[PDB]
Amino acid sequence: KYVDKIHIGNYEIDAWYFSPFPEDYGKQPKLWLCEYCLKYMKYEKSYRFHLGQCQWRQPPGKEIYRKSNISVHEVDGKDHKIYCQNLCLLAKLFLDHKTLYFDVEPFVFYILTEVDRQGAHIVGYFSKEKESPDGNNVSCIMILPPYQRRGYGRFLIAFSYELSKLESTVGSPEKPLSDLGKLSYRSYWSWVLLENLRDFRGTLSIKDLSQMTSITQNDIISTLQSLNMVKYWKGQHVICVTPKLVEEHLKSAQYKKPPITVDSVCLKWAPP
C-alpha cells in the first residue's frame, strides 16, 4: 500500500520511510527506477522496455568533479525539475525528516556516481539551497543503503565543505540529522580538526580552524567538547590539547579506513 521496496540498477532495496509517490505506484509489489534518469515505473515490463530505450547513462547537469571513476554532477532544480523531484522521492524512502519533494527550484543537487563501462551509477547526493538564510551548506544528504558506511558519505560531507571554502563562508548541515548523519558529521569534524591540530601546533584559535575548514565555530566547539579538547575561560572556549593526545585520537580505529578523498585539483566550480 505504501511503496516498500524498489528496484534500481542491480539492487533491490527495502524502504525505511513513507515517500509520497502517487498512490497508484504504492499499490504494486515493487517500484522500478531507472538508475540513470530516475524515472519510476510500476511493472517489471515497463522497466525493461524503458531500459532498452532510455538514452541517459549519467545524471544531467554539469560534471563538476571527476577523479578516476568517481564523479559529482551539479544539477540545478530549476533546469532539471523532473529528475530532481524523482531524486527527492527516492531520497525520502531513506530520510525520516526530508519534507520537500516537488518545489525543487530553490535547490541545487550534487549527485555522487561511481562509473564503469556501462555508465555512472548513483550512490547518493546532497541538496543545498541556492540562498540559505541560515548558512546551511547541505539541506539533506542521503547515501543509498548498499553504499552506506563505505566512505561515500564521508566524501560528500568533505565535498560540501569544499564548496563552502570556495564561497569563503562557513556552513553547517540543516538539522535534524539522521542517526547515521550525526555519527558521520561528528566523526568527519573530529578527523579534520585533529588532523589540523597535528599539522600546526600552532596557535590555532577556534576562529582559525573555522576559517580553514569552513566548519562553524559551534560545530568546532561541540566537537572539541566531545573530544575533551577545550577549556573555558571567562566566557570563552579555548583550545586545550597536547600533540600526544591529538595522535592518540588519530590512531584510533575510527580513522583507520582509507578514505575516498576529495582532490581539489579535480573540482571545477566557482560560486554562482
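In this text, residue numbers run from 1 along the sequence as written.
Would you determine, from the values in the PDB entry, which of 64 to 72 and 22 to 30 has the greater average C-alpha temperature factor? Comparing averages over the C-alpha atoms only gives 22 to 30.
240 to 248 versus 46 to 54: which one carries the higher mean Cα B factor per the record? Higher mean C-alpha B-factor in the PDB entry: 240 to 248.
Tell me which of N196, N137, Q85, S187 tops the list for C-alpha B factor in the record. The listed residue with the largest C-alpha B-factor is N196.
Report the option among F126, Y161, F102, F107 whose CA atom has the maximum B-factor in the deposited record. Among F126, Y161, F102, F107, the highest C-alpha B-factor in the entry belongs to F102.
Going by what the PDB entry lists, where does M212 fall on CA B-factor within its chain: lowest, middle or highest third? Its C-alpha B-factor belongs to the highest third of this chain's values.
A15 CA temperature factor, ranked by third within the chain: For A15, whose C-alpha B-factor we compare with every modelled residue in the chain, the answer is the lowest third.
Which third, lowest, middle or highest, does the C-alpha temperature factor of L227 belong to within its own chain? Middle third, going by the recorded CA B-factors of the chain.
Which third, lowest, middle or highest, does the C-alpha temperature factor of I206 belong to within its own chain? Ranked within chain, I206 CA B lands in the highest tercile.
Taking the chain's C-alpha temperature factors as the reference, tell me which third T113 falls into: lowest, middle or highest. Lowest third, going by the recorded CA B-factors of the chain.
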